[PDB]
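Reviewing the structure listed below.
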Amino acid sequence: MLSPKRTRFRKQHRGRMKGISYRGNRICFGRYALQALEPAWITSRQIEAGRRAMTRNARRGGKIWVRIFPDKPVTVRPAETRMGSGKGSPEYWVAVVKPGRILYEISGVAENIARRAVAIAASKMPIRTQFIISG
Amino acid sequence: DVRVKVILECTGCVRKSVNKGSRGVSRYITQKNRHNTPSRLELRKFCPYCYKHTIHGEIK
Amino acid sequence: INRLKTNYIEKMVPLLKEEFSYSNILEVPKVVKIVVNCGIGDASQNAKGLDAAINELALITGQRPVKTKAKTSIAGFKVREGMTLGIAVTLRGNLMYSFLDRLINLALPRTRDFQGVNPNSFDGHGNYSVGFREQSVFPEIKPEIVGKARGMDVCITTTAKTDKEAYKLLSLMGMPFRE
Amino acid sequence: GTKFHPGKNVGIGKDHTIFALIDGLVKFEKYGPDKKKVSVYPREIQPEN
Amino acid sequence: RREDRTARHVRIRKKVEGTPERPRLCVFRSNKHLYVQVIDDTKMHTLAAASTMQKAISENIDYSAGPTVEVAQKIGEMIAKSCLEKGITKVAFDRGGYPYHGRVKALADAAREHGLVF
RNA sequence: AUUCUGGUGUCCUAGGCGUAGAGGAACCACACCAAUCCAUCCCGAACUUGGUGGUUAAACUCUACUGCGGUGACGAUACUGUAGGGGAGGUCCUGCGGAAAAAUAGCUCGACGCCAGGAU
RNA sequence: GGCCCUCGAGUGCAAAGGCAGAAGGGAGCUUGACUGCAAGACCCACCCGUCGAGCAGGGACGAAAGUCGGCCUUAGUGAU
Numbered sequence: 001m002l003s004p005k006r007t008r009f010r011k012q013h014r015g016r017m018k019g020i021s022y023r024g025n026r027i028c029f030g031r032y033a034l035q036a037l038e039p040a041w042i043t044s045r046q047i048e049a050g051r052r053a054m055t056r057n058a059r060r061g062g063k064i065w066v067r068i069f070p071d072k073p074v075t076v077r078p079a080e081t082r083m084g085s086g087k088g089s090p091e092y093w094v095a096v097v098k099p100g101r102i103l104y105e106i107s108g109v110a111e112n113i114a115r116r117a118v119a120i121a122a123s124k125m126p127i128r129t130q131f132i133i134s135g
Numbered sequence: 006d007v008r009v010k011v012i013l014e015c016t017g018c019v020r021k022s023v024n025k026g027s028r029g030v031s032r033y034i035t036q037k038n039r040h041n042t043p044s045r046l047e048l049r050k051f052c053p054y055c056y057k058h059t060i061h062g063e064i065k
Numbered sequence: 016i017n018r019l020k021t022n023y024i025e026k027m028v029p030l031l032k033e034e035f036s037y038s039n040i041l042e043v044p045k046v047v048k049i050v051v052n053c054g055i056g057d058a059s060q061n062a063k064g065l066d067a068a069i070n071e072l073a074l075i076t077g078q079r080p081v082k083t084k085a086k087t088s089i090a091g092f093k094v095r096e097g098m099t100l101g102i103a104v105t106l107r108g109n110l111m112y113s114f115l116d117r118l119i120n121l122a123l124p125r126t127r128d129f130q131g132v133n134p135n136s137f138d139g140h141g142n143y144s145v146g147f148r149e150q151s152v153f154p155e156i157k158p159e160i161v162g163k164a165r166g167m168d169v170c171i172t173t174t175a176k177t178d179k180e181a182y183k184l185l186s187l188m189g190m191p192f193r194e
Numbered sequence: 098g099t100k101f102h103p104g105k106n107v108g109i110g111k112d113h114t115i116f117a118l119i120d121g122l123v124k125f126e127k128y129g130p131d132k133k134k135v136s137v138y139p140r141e142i143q144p145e146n
Numbered sequence: 049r050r051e052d053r054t055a056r057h058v059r060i061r062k063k064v065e066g067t068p069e070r071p072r073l074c075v076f077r078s079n080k081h082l083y084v085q086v087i088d089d090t091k092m093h094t095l096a097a098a099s100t101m102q103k104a105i106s107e108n109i110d111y112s113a114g115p116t117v118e119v120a121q122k123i124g125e126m127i128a129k130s131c132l133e134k135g136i137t138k139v140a141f142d143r144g145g146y147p148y149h150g151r152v153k154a155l156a157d158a159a160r161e162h163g164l165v166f
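This is the structure we're talking about:
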C-alpha cells in the first residue's frame, strides 16, 4: 500500500482526466514496460497487487520498477447516511493515470518471461494495458 | 479597564463664559494604555478657541 | 612609540615583496584591526564582574570594549533591547600596534604550558584568531582581586589572502609559534 | 498592495489606491526589474470629421 | 567608501526629483577638485556650472586643487553669481551624497548670503 | 564638426557576471596627520577638518571572447471560440477560426540623449 | 572574524497582496492620533462603507525642496 507521507491538505477535489499523458511516456530503467491506454483511478491496492503478481513471475533474476505513485486522496462518506453535512474521511489513495503512460518497467529477463509476467499484472489492473519494448 | 479612551481638555481655554464670542473649552478624547503609561498624558495640540496650539491637560 | 610599529614601517615594508612579488607597496599583507572578544553566557544574570572585565582591558591600552547584546533570546518586547552577553574591543591605529606587540612581551610569559600558537589554524583567506582560557595573562591582573576567572580570545584581522602570508606576517611581527 | 506602482501625474493614497491628478489618458508603463507603473498623459489635438 | 556614497546620492535624489519644476543645485566634492552645476526641470540640460577645474578663479585660488573651506566659500559666490546672471532666483539645493557639515555647508552659506535664496 | 574623462538621464537584464588584457597628460581613487569644526552605543574603520611625499595594485573606466546568466523564433503539438458527431463511460472525434508553455536553431558581451572639462 | 548564494528574513496578531539602501532594523527631535472644509471618483436595492488632489488657519521635523489630518494594506464591530 504505497501511501503518501503527510501531504499539504487532507481532502481534495475530483477534477477529471482529460488529455493524453505526455511525460510518463518514456522508459528509463527497464527494457520492457507495461503502458496504459484508458484513463483511470488506480488505487494503491491495485498497484501493490500488480507488483506482487509481476514479481512472482521474475523468478531467477531481472529487476522491476514502478513509475506511478498515487498522491491523490478519495473520501467515501460515512456508510448509509443522507446527503450533505461536510465531506468524509479519505479511505484510499489513487494515481490519476491518463492514456499512454508507463505503469511498470522491467529489465534483465528473457522476453519470453517478461511478457508472461505482465499478462498477470495486466489482469490485476482495472484498465486495458499494453506491452511496450524500446530500451 | 485595560486600554482606555481618555479626556484631554485644554489648559488653554480654562472655563470662561461672558462676552458673545464665548470661550467654550476645547477637548480631545483619545486612547492610552492605563498599565503602560501610568502618569497622565500632557500632549500639545491645536485649540480652535485659543487660535494657538496649546497644551491639552489630562483629567479623569 | 611601540617597538613593532617603528620597525614595521621602516624595515618590514619591502621584505615580503621578495617572496610574493607584489606590484604596489600598499597590497603587501598587513594588519587592519584586532578584535578582543569575550562572549560570556552567565553575565546576562549579573554583570559586575563583567564591568570589572571592561576595566581590565581598557587599563592595558586606554581603548575600551563595547557591551554586546544577543540576536534573539526570549522576549516579546519589540520597542527596547534584548538579552546582553559579553564584551569586545575593536583596536585600530597606533594603539592597535601597541596592544599587539606588548601582548607578546608582557602577557605571554605568564601563561604556563605554552609551547606556542597553532601554525595551521587560519580561516583560508588570510585572517586569524588566538584563544586563551584565562583573561589573567596580562601584567596588570592579580588573581585574588578578580571576581570570576573567565577566558577569552583575540581575532587578528589582516588584508591577506594565502595561508603562507599570515604565518610569515606573524613571524615578522614576533609571535612564539608551535612546531 | 502595490501590484502597480505610482507614476507621473498620479497620486497614490493611504490604501495604495492610484488616482489621476490631471485629465488625459491612462498609461501602464514598464517599471525596470519586473514591476509595473501607472502614469497619466493629456492628449494634444483630438480631431472630429 | 565611494561604494556607499552613491546610495546616499540616490536616496536623496529619488525623493528630491519626484516633484516638478526642479531647478536643482547639484554640488560635488572630492579628494582633489570641487565641482557644482544647476540642472533643468525636465532633467535634460544644465543651466549654470562652476568649479576649481574651470579656468577663471583656479589661477586666483591658492590651494593646489581646491577641496577646503576657503575655496568652497569662493565657489559659493561664483555659483550664485552665474544663476542670477542667467536670471534664476530660487533653486532646490541638493547635497549630492555628502553629509551636510563643512565644505557643503560653507558652500550653502555663501550661496544664501549672495542673493540666491533657495 | 569628432573623440575621451567627470556629472545628469532615457532605457532596465540583446544592457548582468566570469575570464583575458589595458588607463594616470588631465579627471578619479588608495596612502600622511588630526590642537581645532565635528564624530565613534569602543575605534579619525566610517563622518568631518588640515595637508600631499607615493600609486594605477584594489575600486572605477575602457577593449575583447560566449564560459555562464539573459532573451528567443519558424514549424509542429497541447488548449480553446463556434457548428456538428461517437461512446454509456466518462471522455473522445470532426469542420470552421485563434494558438501556446517547454525545447532547439539563433541572438546578445549595451544602445541613445544633454551638460562640464580636455584633445584633433 | 572572514567567505558564499544574495532577499529564501522581518513586517505586534490569520492569510493574501506588498516592501531595498526599503513599508524591514537603529538613533535625534517631537505630537498632523489638529480645527475649518473639499473638486472629484469607487462600492452599491436601501441603510452603510471607501480613496481624495487642493484651499484656509495654526504648528511639527529639515539647511532646503518638501513630508505629516494615526499605523505597509485588507478584520478589531452595530442603526433607531
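Chains as they are written, first to last, in the entry's author numbering: chain O, 1 to 135; chain 3, 6 to 65; chain G, 16 to 194; chain X, 98 to 146; chain Q, 49 to 166. Note that the Cβ used here is the ideal one computed from N, Cα and C, for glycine as well.
Distance CB(residue i)-CB(residue j) smaller than 8 Å
{"i": "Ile68 (chain O)", "j": "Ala95 (chain O)", "result": "yes"}
{"i": "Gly30 (chain O)", "j": "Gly135 (chain O)", "result": "yes"}
{"i": "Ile55 (chain G)", "j": "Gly101 (chain G)", "result": "yes"}
{"i": "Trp41 (chain O)", "j": "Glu105 (chain O)", "result": "no"}
{"i": "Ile12 (chain 3)", "j": "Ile34 (chain 3)", "result": "yes"}
{"i": "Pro80 (chain G)", "j": "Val47 (chain G)", "result": "no"}
Candidates the options: closest to residue i by CA position
{"i": "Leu82 (chain Q)", "options": "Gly124 (chain Q), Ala55 (chain Q), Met92 (chain Q), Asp88 (chain Q)", "result": "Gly124 (chain Q)"}
{"i": "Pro115 (chain Q)", "options": "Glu51 (chain Q), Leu155 (chain Q), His162 (chain Q), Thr54 (chain Q)", "result": "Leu155 (chain Q)"}
{"i": "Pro70 (chain O)", "options": "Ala122 (chain O), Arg45 (chain O), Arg82 (chain O)", "result": "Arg45 (chain O)"}
{"i": "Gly64 (chain G)", "options": "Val161 (chain G), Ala73 (chain G), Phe147 (chain G)", "result": "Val161 (chain G)"}
{"i": "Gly88 (chain O)", "options": "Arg82 (chain O), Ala40 (chain O), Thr75 (chain O)", "result": "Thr75 (chain O)"}
{"i": "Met126 (chain Q)", "options": "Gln102 (chain Q), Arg143 (chain Q), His149 (chain Q), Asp142 (chain Q)", "result": "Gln102 (chain Q)"}
{"i": "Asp112 (chain X)", "options": "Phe101 (chain X), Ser136 (chain X), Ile142 (chain X), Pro139 (chain X)", "result": "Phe101 (chain X)"}
{"i": "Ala121 (chain O)", "options": "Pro73 (chain O), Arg56 (chain O), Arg16 (chain O), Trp93 (chain O)", "result": "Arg56 (chain O)"}
{"i": "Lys80 (chain Q)", "options": "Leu164 (chain Q), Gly66 (chain Q), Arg151 (chain Q), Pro71 (chain Q)", "result": "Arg151 (chain Q)"}
{"i": "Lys134 (chain X)", "options": "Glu141 (chain X), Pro144 (chain X), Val123 (chain X)", "result": "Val123 (chain X)"}
Exposed unless 16 or more other CB atoms sit within 10 angstroms - verdict on residue i
{"i": "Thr137 (chain Q)", "result": "exposed"}
{"i": "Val58 (chain Q)", "result": "exposed"}
{"i": "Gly26 (chain 3)", "result": "exposed"}
{"i": "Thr100 (chain Q)", "result": "buried"}
{"i": "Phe141 (chain Q)", "result": "buried"}
{"i": "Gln35 (chain O)", "result": "buried"}
{"i": "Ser186 (chain G)", "result": "exposed"}
{"i": "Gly19 (chain O)", "result": "exposed"}
{"i": "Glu14 (chain 3)", "result": "buried"}
{"i": "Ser112 (chain Q)", "result": "exposed"}
Backbone secondary structure at residue i - three-state DSSP
{"i": "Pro70 (chain O)", "result": "coil"}
{"i": "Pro44 (chain G)", "result": "coil"}
{"i": "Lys18 (chain O)", "result": "coil"}
{"i": "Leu185 (chain G)", "result": "helix"}
{"i": "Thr90 (chain Q)", "result": "coil"}
{"i": "residue 146 (chain O)", "result": "Absent from the model: residue 146 (chain O). The displayed extent of chain O is 1 to 135, so no value can be given."}
{"i": "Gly108 (chain X)", "result": "strand"}
{"i": "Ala175 (chain G)", "result": "coil"}
{"i": "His57 (chain Q)", "result": "helix"}
{"i": "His162 (chain Q)", "result": "helix"}
{"i": "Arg20 (chain 3)", "result": "coil"}
{"i": "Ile132 (chain O)", "result": "strand"}
{"i": "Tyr148 (chain Q)", "result": "coil"}
{"i": "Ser136 (chain G)", "result": "coil"}
{"i": "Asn25 (chain O)", "result": "helix"}
{"i": "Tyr112 (chain G)", "result": "helix"}
Between the CA atoms of residue j and residue i - distance to the nearest angstrom
{"i": "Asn38 (chain 3)", "j": "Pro103 (chain X)", "result": "37 Å"}
{"i": "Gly121 (chain X)", "j": "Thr99 (chain X)", "result": "22 Å"}
{"i": "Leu118 (chain G)", "j": "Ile156 (chain G)", "result": "13 Å"}
{"i": "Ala33 (chain O)", "j": "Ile133 (chain O)", "result": "6 Å"}
{"i": "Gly110 (chain X)", "j": "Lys132 (chain X)", "result": "19 Å"}
{"i": "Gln121 (chain Q)", "j": "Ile49 (chain G)", "result": "41 Å"}
{"i": "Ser136 (chain G)", "j": "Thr83 (chain G)", "result": "26 Å"}
{"i": "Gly108 (chain O)", "j": "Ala114 (chain O)", "result": "9 Å"}
{"i": "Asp178 (chain G)", "j": "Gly144 (chain Q)", "result": "42 Å"}
{"i": "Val132 (chain G)", "j": "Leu123 (chain G)", "result": "11 Å"}
Cβ-heavy atom distance, residue i to the ligand FAD, below 7 Å
{"i": "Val109 (chain O)", "result": "With respect to the ligand FAD, the structure offers nothing, as it holds no ligand at all."}
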